[PDB]
Amino acid sequence: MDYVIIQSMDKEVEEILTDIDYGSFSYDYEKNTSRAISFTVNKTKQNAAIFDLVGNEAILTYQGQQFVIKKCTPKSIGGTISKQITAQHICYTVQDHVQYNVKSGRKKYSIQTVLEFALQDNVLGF
Amino acid sequence: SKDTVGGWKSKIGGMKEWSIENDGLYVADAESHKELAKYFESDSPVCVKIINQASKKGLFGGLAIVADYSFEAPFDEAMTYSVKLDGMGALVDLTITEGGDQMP
Amino acid sequence: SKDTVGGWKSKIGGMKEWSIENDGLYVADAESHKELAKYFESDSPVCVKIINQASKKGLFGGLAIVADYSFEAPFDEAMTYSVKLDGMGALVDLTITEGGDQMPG
Amino acid sequence: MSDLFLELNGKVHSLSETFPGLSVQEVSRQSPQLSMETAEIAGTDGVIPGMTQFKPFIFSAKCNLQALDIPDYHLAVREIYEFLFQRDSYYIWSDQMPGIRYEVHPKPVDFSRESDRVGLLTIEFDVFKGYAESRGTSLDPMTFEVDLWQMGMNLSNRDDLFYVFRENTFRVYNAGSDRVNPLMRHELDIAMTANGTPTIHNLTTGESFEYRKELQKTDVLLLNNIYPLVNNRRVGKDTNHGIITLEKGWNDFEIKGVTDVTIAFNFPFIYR
Amino acid sequence: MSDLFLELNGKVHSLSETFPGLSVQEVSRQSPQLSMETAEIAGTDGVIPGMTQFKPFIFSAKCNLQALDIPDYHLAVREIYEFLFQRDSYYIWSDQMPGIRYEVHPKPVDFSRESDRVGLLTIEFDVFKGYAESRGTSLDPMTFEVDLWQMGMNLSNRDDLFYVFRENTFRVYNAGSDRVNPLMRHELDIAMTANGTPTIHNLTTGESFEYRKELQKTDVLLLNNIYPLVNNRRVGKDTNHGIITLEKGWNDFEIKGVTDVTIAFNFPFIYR
Amino acid sequence: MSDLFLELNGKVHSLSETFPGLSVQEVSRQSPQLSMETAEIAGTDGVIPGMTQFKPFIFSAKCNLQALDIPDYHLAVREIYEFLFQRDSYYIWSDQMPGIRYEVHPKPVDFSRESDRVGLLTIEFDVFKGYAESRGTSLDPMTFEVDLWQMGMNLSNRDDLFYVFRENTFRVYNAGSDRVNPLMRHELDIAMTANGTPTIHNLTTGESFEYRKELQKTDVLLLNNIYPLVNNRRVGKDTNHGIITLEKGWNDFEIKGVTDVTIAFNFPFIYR
Amino acid sequence: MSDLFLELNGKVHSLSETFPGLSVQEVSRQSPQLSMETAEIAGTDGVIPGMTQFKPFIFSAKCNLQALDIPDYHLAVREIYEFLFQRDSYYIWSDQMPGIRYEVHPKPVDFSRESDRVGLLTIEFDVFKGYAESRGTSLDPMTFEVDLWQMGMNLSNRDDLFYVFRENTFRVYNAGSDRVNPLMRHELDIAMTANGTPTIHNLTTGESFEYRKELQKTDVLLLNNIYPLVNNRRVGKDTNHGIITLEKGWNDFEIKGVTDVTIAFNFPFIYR
Amino acid sequence: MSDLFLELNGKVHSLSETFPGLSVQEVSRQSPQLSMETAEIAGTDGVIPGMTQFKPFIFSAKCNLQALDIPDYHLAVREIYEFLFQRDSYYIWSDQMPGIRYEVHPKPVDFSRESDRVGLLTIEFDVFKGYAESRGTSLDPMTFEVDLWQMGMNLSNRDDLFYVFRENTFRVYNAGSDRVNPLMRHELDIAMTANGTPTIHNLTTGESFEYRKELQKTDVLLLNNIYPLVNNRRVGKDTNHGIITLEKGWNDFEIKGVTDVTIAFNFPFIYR
Amino acid sequence: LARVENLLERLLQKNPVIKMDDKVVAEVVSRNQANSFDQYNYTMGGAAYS
Amino acid sequence: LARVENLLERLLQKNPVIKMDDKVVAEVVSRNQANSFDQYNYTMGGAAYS
Amino acid sequence: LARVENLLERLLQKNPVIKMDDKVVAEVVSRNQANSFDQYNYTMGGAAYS
Amino acid sequence: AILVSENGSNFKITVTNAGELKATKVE
Amino acid sequence: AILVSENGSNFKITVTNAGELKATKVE
Amino acid sequence: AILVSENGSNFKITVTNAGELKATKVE
């Protein structure tokens, strides 16, 4: 689906974020560098019910991919309330898990061992 | 239509309009002239009707505004008057239709 | 109204206006012509009336301005004058209303 | 005779009836403002059109006001200005086409004083949705006593049109000039009562709405715009988030996974 | 005949009286300037409008000056320029609609010199608040004493319009063309004297204001604009910061939590 | 007499026939909109022009509507608005030049209501491709059966124009007003069936296309736009990515590397 | 009688001859668009002119088309549009001044249909070089049978003009209104054959081109614009990179370092 | 009768004489273009103006051309275009005011062809220095020999105007319309020959220039523009970098520090 | 009709110069650059200024 | 000639406000600043980030 | 009046595109940012680049 | 004719202001 | 006179769009 | 006639130039 699905921070409610300014919508990808979506949402009658849910730490499903909102900028100019939403791919949220243990010394590792060490006992389902 | 063989112009009828111009001798105290003056002053519609007074058959009827009411007084002739009436709508053609035979 | 059955244009009355044109023989020593010249010289809206000197009744009255005041002297005729007055405001119609029977004297 | 009807705060006011001295001479409607999203590639000919869209347009009404006297004229002008200009958009329609209404906002229009008591006016209403819609929705019966339907509204004179169905496979006729799509801020409601796990399929469009819970005949599933609810409770998490749309003309619909289906459609027709 | 009355620095002048040569020919007003911001969404038709506002409009008066001579003409031009162009706004009205006045700022005007002693001009005034208003507030006896016509009935003769109340439930009539909202920089004063903990409910608009401290009859609670005061002291920290607005027509008010309540409303009417 | 034929959704309609009251008065077209980018160099006179392009142009048809009465007038206006303004482009042509059609999008048009039943209008269409075209492709018998005049003689009667060839060297006639280039988003299909390694040389334009694999008679090689296919499969990796363009008039083609070659050209003509 | 000649693809076409129904009424030429590169210093009077330049201008031709019938009129209009508008710039000249030609690009011009068979047109050609040039170069002999030269081309009626010289010191007459400079995208060719190491000096301009290698009589040195070559081989590395220019009127040239010099100049005259 | 004289490349031509068919009808000049920069301060009325300047203005001459026949008309048009549009500025004047000339650049003009042999035109010239000037400098005998009228008196007959002085105190008359200032890129030369240490004081303008080295009678000190020279060598390091300006009318000059002084002023008058 | 051109040429005197403030432009550019920098820092975990 | 005034007024209705994108301006400014920084680094040998 | 229309059309031809330079914009933005940086450094004593 | 003059005057007067909004601030 | 109005309409409609290209991108 | 021609000739000079002064430099 080409529209955006909005799931709240507490995952209690999941709906469709309508009346998105698709002209301002943009999807940026760069290998090993970035993966994000940015757009602007105006509060209208159609999305007034769920316009309060779209905020930081909310989840947006777009083309089958999940993006966590990392920057929300509500703005009020007269009668129009607009939020500038920037969301990064959920993979980068893996930075919330830290491996405190250290394998001291110089040693020849492979990618498999380092990856297993990095994502050991994850609580975020990675 | 410039694309039709023949090179001839064409026209189509549209809105219709009508007016009545009357003129004659003016007598101030005549009740018809008093009614005309009242109609001119009051800016009210006047119901005018063209009659064939000899054949006892009506000809035309309608509502009008008194657009002009002028008088001339030459020193060697009789004082005259001229009136112009403009229609606000359909001028009923009593000849083709039926009725409108009420006369003084 | 093009959206109403029929096909005839509809009109209503608008603003009213009036004027008086008077021409005749000119005598420069007449009091009336002196008053007309004075009125034409410097503004001074003039009260004018049209009356019936024989029937002893007035017809019209109102204020006006002297828009034109010209003369003509053909060599084989009397020397004539013409004058034009443009109305200011309402022209009282004394034929229907009462009063206004005052006459020169 | 011409007249203009205004729907304001749930009340229908005739423009001539409200103000006796004001009469509507004529009405007119600007053509749809088609605009193709052109993209230009330098060095090539013409443009590459995107998706054709329709811009807001203007509905005009030429009228005149005839008052008794000057104070009456000023009072009538003030009252007309008070009546026409409201905070929120309202609805308008005309006697010539009494089956089609427009959601409009007024525009600044000045009285042209011709005489001491008469004044010409040309009211202009901006319709911003870019389209006109029928006065009644699909739920209204197509009966004479309803007094809502008039000729020229694309009603099919070959078969019956009903929007309540009892079987699992049927056809629905969208008579509008645009494909009904709630994503485009269109109005569309679906009310269904059945038993089991339902799935709605629009074959002509190719869309499918899926609900992943068991339903009873006492529970009503209401899809309004882009919100699916049961008993006025949001259940968007338990669906596939798909939304159905109504193409122009006939749409074939198939319901799967439920029995004794009772499905009703409630949407207005989109004209232009 | 017509005339224009100007109230400035506490004095009322007549334009045809202050300047004997000046005579007002015709008076008119511009239509309300409905401004509205529109947002476009790619892929969809039309626009989405924001909240509508009303821009300042223009009140025009076409007049002529007939001076005695050239020095009188120049002196009158200078006098008119000095009188009209002050540094602060002032109120104006006309004999045709004497019951409604506009608070305006003068606009540039050019004298069209036709003859040596005659000059035509058109004085324009910017009504910068976007609305007209009555000649006084609700409590002002002048407001209901000159003239006021609404739906063809005169409000200066109605005897059921009261703005001082002694009971706990009552009705207040706002005769303006739109709601009165202090948040919109409107003028609205509410004065109450009672005993106990006051609570005011506007049931028509569903608004509420509560003061969470005990009150005494000698203490006067005055809500002006967005500020509640007790004995001319801001006490907003002890309230719910509620704002009371009056809708068009009748508003039903209920006072609870106090006894021996005397309440007065002082506000002007707003006309579009 | 004049008429305008519109081909849309696979059906051909006559404008004067679909709407009995409508009658086409005159048909005309805008000039080609030559667009050019100029660069200025300081110290030198004049400008240096870039590659020229042709912007979309306008095809105009002035007509009038003579309705039976006012309801018929409004109904006809709505019907014309519904019919003309579709969401996708469609083809149009006229009886004066039946052999050439334009793929257009409708433009906004305003009805000039002269009387209660008579309204003049001028329907304008954006030709967004920047060129006209024949009523069909080269292989279409429709193209060479109505009429086509080029510098004096009708091309519908010439018998030397073939577009299916069996030899290795031949000539192809492009009767358009300019060259046909798939890179310019033109339509051009070339279908070949032979045995061996194909190689096409356009000696007139000096172009070449080579497929670097063996071919068999039952395998069809189709070059459409910028894509070569073998049995409806993209095989661009095994070619030289050559593009074959047809110049104005006669183009001499040489086929080498294959035997028993059957080659067909399917493309519409392009007119400025 | 007036006519317009178009040089296109190496062929000269008469506009009247190509289209029998189209006849040229009148021709006209916009004056040179002089523009001084002004620089302003605040506080001082006037401007400081830079180097005067000439902007592109317009050559106009008023003509009419008289067709046999309406289909003939439409076909002629389409054929004229096809003929006039080409991808690249072409050359034009007129019967009135058949010795001066302009390199031009067409401009959008619409036919004005006056009757069912006649249409007025005013073709406009933008000349972008900012100047006009002679139809023949300097290499063409100044003889009657060449049918190229006309009056008013600044030909000196006091001495012979030849552009092939056999000695080491001579004079060359540039009859144009501009100094011929290849750096300004002007056309200028020099072909010299001699023996030794050559050095060309333009004394009036003060320029000098130097070649630093031995040359034989069999090798031709060709300077085209800003490229020096020997036997069509670039030798810019072995020169001083200087370029000669031809001032208005007479230029004194001196050649040093070689014997039996044979030098020929081939350039067109620049008019305005 | 009237005529226009053009001085260019050291030669004086008469417009009516160079082209026999051309006849100047009327000559006029634009008003001085006073340019001013205004700054606005918030909280205060009006604006603060910067230093005023004079932009380039336009000298216009309306004339007609009456050719013998069409080829003569085209030849005359080409000749006029060639003659008028040069790459460098040139001086012009008229017989009506022969004593004052303008240094101008030609402006684009358009021939209005009325008949086959008659064409009206209006030649415009940009005076880019912002001022007019006398036909020669102060020391030029031509300046006081043709005509020069100031405040109703002819300066060509005054015998008290000298510009070569031998004393130490004297008066210099600047007859221009404004002050001559070398800093404004005006032309002003002062040549001095004396013995000792020179010091020049302009008491009227209160300016001073001093040279801090001994001088000899055979050494000429020349102040041109902003540069002082001794025997055609820049010696600005040994001066005070003083600039001497001449005001309108009489300027009183005092020379100190030298004896046997011969001083000459060479400058053209400046007219607004 | 002469005073029509009077007003037209009087209001032609209007300077075709619209001066735009550089400070607001610089502040907006700085804010957008800060947004980009924060995005890049987030993509690399915390291996940046913060 | 009244519809001339009507159309000209309707077109005067247009807002004389043209919004211009800020992200594009910021990116262009950043690219130009990077170009200048690279120039300065090259003129200083390699005594910079690279 | 036809030539008035022709000249108005020719004057409508002009492209409504105004090329604005980016290098000067970047340099001015950099200067304003440097002013802000100097201000912030001064308010922080000298705990900055200088 | 006079209406054309007034409309042109107001049109150029409004055009004088110009826009160039960054996001919401002027210039 | 009517084509004067049409010219003014298209004039101001084209004026609406405005330019301000950075290098090639809009605004 | 001459009036609108002067209008066009004046509109040729000014509106083409455009403003957008940075601080004092153009663009």
# chains A, B, ... in the order shown; residues from 1 in each chain; ligands from 1
$ residues_around --residues "segment 10-19 of chain L" --least-positions-apart "2" --cutoff "9 Å" --atoms "only C-alpha atoms" --output "mmCIF file with C-alpha atoms, in the first residue's frame"
data_model
loop_
_atom_site.group_PDB
_atom_site.id
_atom_site.type_symbol
_atom_site.label_atom_id
_atom_site.label_comp_id
_atom_site.auth_asym_id
_atom_site.auth_seq_id
_atom_site.Cartn_x
_atom_site.Cartn_y
_atom_site.Cartn_z
ATOM 1 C CA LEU I 8 0.998 54.473 -14.533
ATOM 2 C CA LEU I 11 4.038 53.997 -10.149
ATOM 3 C CA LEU I 12 6.491 52.758 -12.785
ATOM 4 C CA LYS I 14 8.816 51.832 -8.253
ATOM 5 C CA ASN I 15 12.255 50.384 -7.664
ATOM 6 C CA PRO I 16 12.504 46.811 -9.046
ATOM 7 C CA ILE I 18 13.397 43.805 -3.155
ATOM 8 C CA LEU J 8 -8.499 41.924 -13.689
ATOM 9 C CA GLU J 9 -9.832 42.196 -10.125
ATOM 10 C CA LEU J 11 -6.511 38.144 -10.937
ATOM 11 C CA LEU J 12 -5.436 40.931 -8.563
ATOM 12 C CA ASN J 15 -1.494 36.596 -3.076
ATOM 13 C CA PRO J 16 1.842 38.361 -3.789
ATOM 14 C CA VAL J 17 3.610 35.770 -1.619
ATOM 15 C CA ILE J 18 5.917 33.156 -3.148
ATOM 16 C CA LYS J 19 7.187 30.563 -0.684
ATOM 17 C CA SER L 5 -6.775 53.006 -14.524
ATOM 18 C CA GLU L 6 -7.780 52.285 -10.928
ATOM 19 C CA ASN L 7 -7.380 48.531 -11.411
ATOM 20 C CA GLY L 8 -3.908 48.948 -12.907
ATOM 21 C CA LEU L 21 8.609 33.624 2.435
ATOM 22 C CA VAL L 26 9.414 37.295 5.565
ATOM 23 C CA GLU L 27 12.589 36.900 3.485
#
$ residues_around --residues "segment 234-237 of chain F" --least-positions-apart "3" --cutoff "10 Å" --atoms "only C-alpha atoms" --output "ChimeraX atom specification"
/F:211-212,221-223,226-231,240-242
$ residues_around --residues "residue 56 of chain B" --least-positions-apart "3" --cutoff "12 Å" --atoms "only C-alpha atoms" --output "number ranges by chain"
B: 50-53, 59, 99-104
$ interface_residues --of "chain A" --to "chain J" --cutoff "12 Å" --atoms "only C-alpha atoms" --output "ChimeraX atom specification"
/A:24,26,38
$ write_last_selection --atoms "C-alpha atoms" --output "short mmCIF file (atom, residue, chain, number, x, y, z; two decimals), in the first residue's frame"
data_model
loop_
_atom_site.label_atom_id
_atom_site.label_comp_id
_atom_site.auth_asym_id
_atom_site.auth_seq_id
_atom_site.Cartn_x
_atom_site.Cartn_y
_atom_site.Cartn_z
CA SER A 24 6.45 17.28 0.61
CA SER A 26 10.36 12.21 0.51
CA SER A 38 10.14 12.89 5.85
#
$ atom_distance --atom1 "atom CA of residue 243 of chain F" --atom2 "atom CA of residue 180 of chain F"
11.0 Å
$ atom_distance --atom1 "atom CA of residue 144 of chain G" --atom2 "atom CA of residue 68 of chain H"
25.2 Å
$ atom_distance --atom1 "atom CA of residue 265 of chain H" --atom2 "atom CA of residue 189 of chain H"
5.9 Å
$ interface_residues --of "chain D" --to "chain J" --cutoff "12 Å" --atoms "only C-alpha atoms" --output "PyMOL selection string"
chain D and resi 58+107-110+112+122+124+126
$ write_last_selection --atoms "N, CA, C and O atoms" --output "compact mmCIF listing (two decimals), in the first residue's frame"
# COMPACT_ATOMS: atom_id res chain seq x y z
N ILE D 58 -15.89 28.59 -9.67
CA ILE D 58 -16.74 29.69 -9.23
C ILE D 58 -18.16 29.45 -9.75
O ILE D 58 -18.35 29.12 -10.92
N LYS D 107 -17.54 35.09 -1.77
CA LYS D 107 -16.46 35.94 -2.24
C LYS D 107 -16.88 37.40 -2.16
O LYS D 107 -18.06 37.72 -2.26
N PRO D 108 -15.92 38.31 -1.97
CA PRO D 108 -16.27 39.73 -1.84
C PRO D 108 -16.86 40.28 -3.13
O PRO D 108 -16.23 40.25 -4.19
N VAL D 109 -18.09 40.77 -3.03
CA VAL D 109 -18.80 41.34 -4.17
C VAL D 109 -19.48 42.63 -3.72
O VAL D 109 -20.18 42.64 -2.70
N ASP D 110 -19.30 43.70 -4.48
CA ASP D 110 -19.79 45.02 -4.11
C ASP D 110 -21.07 45.34 -4.87
O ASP D 110 -21.21 45.01 -6.05
N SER D 112 -23.58 47.51 -6.94
CA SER D 112 -23.46 48.56 -7.95
C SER D 112 -24.74 49.39 -7.88
O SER D 112 -25.77 49.00 -8.43
N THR D 122 -23.68 40.75 -8.35
CA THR D 122 -23.26 39.50 -8.99
C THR D 122 -22.52 38.69 -7.94
O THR D 122 -21.29 38.78 -7.82
N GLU D 124 -20.65 35.75 -6.15
CA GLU D 124 -19.76 34.69 -6.61
C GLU D 124 -19.41 33.80 -5.43
O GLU D 124 -18.93 34.28 -4.40
N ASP D 126 -17.13 30.59 -4.30
CA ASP D 126 -16.03 29.72 -4.62
C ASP D 126 -16.32 28.33 -4.08
O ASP D 126 -16.51 28.16 -2.87
$ select_by_dssp --residues "segment 19-88 of chain C" --states "strand (DSSP E or B)" --output "count of residues only"
38
$ residues_around --residues "residue 257 of chain D" --least-positions-apart "5" --cutoff "7 Å" --atoms "only C-alpha atoms" --output "JSON, numbers by chain"
{"D": [196, 197, 198, 199]}
$ residues_around --residues "segment 18-20 of chain F" --least-positions-apart "5" --cutoff "8 Å" --atoms "only C-alpha atoms" --output "list in words"
residues 13, 76 and 80 of chain F
$ residues_around --residues "residue 131 of chain G" --least-positions-apart "4" --cutoff "9 Å" --atoms "only C-alpha atoms" --output "PyMOL selection string"
(chain F and resi 45-46) or (chain G and resi 32+54-57+102-103+127+270-272)
$ interface_residues --of "chain D" --to "chain E" --cutoff "9 Å" --atoms "only C-alpha atoms" --output "MDAnalysis selection string"
chainID D and resid 18 51:57 70:72 74:75 78:79 81:83 85:88 105:111 113 127:131 183:185
$ select_by_dssp --residues "chain C" --states "alpha helix (DSSP H)" --output "PyMOL selection string"
chain C and resi 31-41
$ residues_around --residues "residue 30 of chain K" --least-positions-apart "6" --cutoff "10 Å" --atoms "only C-alpha atoms" --output "number ranges by chain"
I: 26, 29-30; J: 29-30, 33; K: 24, 36
$ write_last_selection --atoms "N, CA, C and O atoms" --output "mmCIF file, in the first residue's frame"
data_model
loop_
_atom_site.group_PDB
_atom_site.id
_atom_site.type_symbol
_atom_site.label_atom_id
_atom_site.label_comp_id
_atom_site.auth_asym_id
_atom_site.auth_seq_id
_atom_site.Cartn_x
_atom_site.Cartn_y
_atom_site.Cartn_z
ATOM 1 N N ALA I 26 20.352 33.190 7.030
ATOM 2 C CA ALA I 26 21.459 32.475 7.652
ATOM 3 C C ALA I 26 20.980 31.612 8.810
ATOM 4 O O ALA I 26 21.428 30.472 8.967
ATOM 5 N N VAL I 29 19.179 28.569 7.393
ATOM 6 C CA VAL I 29 20.148 27.640 6.821
ATOM 7 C C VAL I 29 20.875 26.890 7.927
ATOM 8 O O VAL I 29 21.098 25.676 7.834
ATOM 9 N N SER I 30 21.244 27.596 8.997
ATOM 10 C CA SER I 30 21.920 26.953 10.117
ATOM 11 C C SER I 30 21.025 25.914 10.780
ATOM 12 O O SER I 30 21.489 24.827 11.139
ATOM 13 N N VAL J 29 23.829 25.702 -0.146
ATOM 14 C CA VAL J 29 24.799 26.459 0.639
ATOM 15 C C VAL J 29 25.842 25.525 1.233
ATOM 16 O O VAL J 29 27.038 25.838 1.252
ATOM 17 N N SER J 30 25.409 24.363 1.724
ATOM 18 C CA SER J 30 26.348 23.397 2.283
ATOM 19 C C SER J 30 27.319 22.894 1.224
ATOM 20 O O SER J 30 28.515 22.745 1.492
ATOM 21 N N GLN J 33 29.829 25.673 0.535
ATOM 22 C CA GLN J 33 30.769 25.772 1.644
ATOM 23 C C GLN J 33 31.762 24.619 1.623
ATOM 24 O O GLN J 33 32.940 24.800 1.948
ATOM 25 N N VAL K 24 27.507 33.869 -3.965
ATOM 26 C CA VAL K 24 27.407 35.040 -3.101
ATOM 27 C C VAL K 24 26.486 34.757 -1.922
ATOM 28 O O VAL K 24 26.740 35.203 -0.796
ATOM 29 N N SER K 36 27.778 35.126 14.164
ATOM 30 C CA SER K 36 27.110 34.446 15.271
ATOM 31 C C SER K 36 28.099 33.634 16.101
ATOM 32 O O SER K 36 28.024 33.619 17.337
#
$ decode --residues "segment 10-22 of chain I" --atoms "N, CA, C and O atoms" --output "mmCIF file, in the first residue's frame"
data_model
loop_
_atom_site.group_PDB
_atom_site.id
_atom_site.type_symbol
_atom_site.label_atom_id
_atom_site.label_comp_id
_atom_site.auth_asym_id
_atom_site.auth_seq_id
_atom_site.Cartn_x
_atom_site.Cartn_y
_atom_site.Cartn_z
ATOM 1 N N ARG I 10 3.938 57.248 -12.821
ATOM 2 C CA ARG I 10 4.326 57.559 -11.449
ATOM 3 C C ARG I 10 4.646 56.291 -10.673
ATOM 4 O O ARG I 10 5.615 56.247 -9.907
ATOM 5 N N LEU I 11 3.836 55.254 -10.849
ATOM 6 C CA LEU I 11 4.038 53.997 -10.149
ATOM 7 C C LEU I 11 4.976 53.059 -10.900
ATOM 8 O O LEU I 11 5.359 52.020 -10.356
ATOM 9 N N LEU I 12 5.366 53.413 -12.128
ATOM 10 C CA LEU I 12 6.491 52.758 -12.785
ATOM 11 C C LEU I 12 7.812 53.120 -12.119
ATOM 12 O O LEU I 12 8.781 52.356 -12.198
ATOM 13 N N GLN I 13 7.862 54.259 -11.436
ATOM 14 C CA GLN I 13 9.056 54.729 -10.739
ATOM 15 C C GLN I 13 9.498 53.716 -9.655
ATOM 16 O O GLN I 13 10.668 53.691 -9.252
ATOM 17 N N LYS I 14 8.551 52.865 -9.247
ATOM 18 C CA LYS I 14 8.816 51.832 -8.253
ATOM 19 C C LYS I 14 10.142 51.138 -8.536
ATOM 20 O O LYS I 14 10.443 50.762 -9.674
ATOM 21 N N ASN I 15 10.957 51.012 -7.505
ATOM 22 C CA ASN I 15 12.255 50.384 -7.664
ATOM 23 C C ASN I 15 12.076 48.880 -7.817
ATOM 24 O O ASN I 15 11.471 48.247 -6.942
ATOM 25 N N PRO I 16 12.573 48.268 -8.892
ATOM 26 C CA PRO I 16 12.504 46.811 -9.046
ATOM 27 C C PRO I 16 13.556 46.094 -8.204
ATOM 28 O O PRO I 16 14.245 45.189 -8.675
ATOM 29 N N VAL I 17 13.683 46.513 -6.949
ATOM 30 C CA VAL I 17 14.663 45.970 -6.019
ATOM 31 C C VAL I 17 13.932 45.590 -4.741
ATOM 32 O O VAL I 17 13.330 46.450 -4.084
ATOM 33 N N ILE I 18 13.979 44.310 -4.391
ATOM 34 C CA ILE I 18 13.397 43.805 -3.155
ATOM 35 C C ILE I 18 14.545 43.287 -2.297
ATOM 36 O O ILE I 18 15.108 42.219 -2.564
ATOM 37 N N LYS I 19 14.902 44.049 -1.270
ATOM 38 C CA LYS I 19 15.993 43.661 -0.390
ATOM 39 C C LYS I 19 15.494 42.651 0.633
ATOM 40 O O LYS I 19 14.510 42.898 1.335
ATOM 41 N N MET I 20 16.174 41.513 0.716
ATOM 42 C CA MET I 20 15.794 40.442 1.624
ATOM 43 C C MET I 20 16.860 40.314 2.701
ATOM 44 O O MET I 20 18.059 40.411 2.412
ATOM 45 N N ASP I 21 16.417 40.143 3.945
ATOM 46 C CA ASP I 21 17.327 40.183 5.079
ATOM 47 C C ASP I 21 18.171 38.916 5.088
ATOM 48 O O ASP I 21 17.655 37.809 4.907
ATOM 49 N N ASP I 22 19.475 39.088 5.295
ATOM 50 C CA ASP I 22 20.399 37.963 5.294
ATOM 51 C C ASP I 22 20.417 37.212 6.621
ATOM 52 O O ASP I 22 20.734 36.019 6.641
#
